[PDB]
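Just the one chain here, laid out as structure tokens, in the form deposited without the DNA.
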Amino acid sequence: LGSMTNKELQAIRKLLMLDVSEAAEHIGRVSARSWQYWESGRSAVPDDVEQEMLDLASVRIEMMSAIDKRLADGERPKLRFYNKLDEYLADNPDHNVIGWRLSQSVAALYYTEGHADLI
């Protein structure tokens, strides 16, 4: 911790399919312009933001591990790709827009690489 660069921050943010405005609001609790400064290198990536991003990446890893278990158990998963945030929130009433993006990132990865169907 204390080593995350502006490029690493943007890389994780985009891999999790977050828009800047979504990361700024729910992770940084800063203006979108402030988040852009962290990604541009104009201001250092804060320690607390770094750890929050790593924690969110870890959530995605746990989601992928759960699908890997289903794959090893012989299931070809049918993964919900929520193109609609309202539909995701109805099915996942304890999550928010950030959970929606993580869901999309995992479903899109397994579909595009040939391991899962999308529903």
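Numbers for residues come from their place in the sequence shown, where the first is 1.
Beyond the structure shown, there is the form solved in complex with the DNA, which is absent from this document and is the topic of what follows.
Each of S21, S43 and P46 is positioned with at least one heavy atom within 4.5 Å of the DNA in the deposited complex. Contact between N92 and the DNA in the deposited complex is not found at the 4.5 Å heavy atom cutoff.
At a distance threshold of 4.5 angstroms between non-hydrogen atoms, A57 is out of contact with the DNA in the deposited complex. Contact between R33 and the DNA in the deposited complex is found at the 4.5 Å heavy atom cutoff. In the deposited complex, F81 stays away from the DNA, with no heavy atom inside 4.5 Å.
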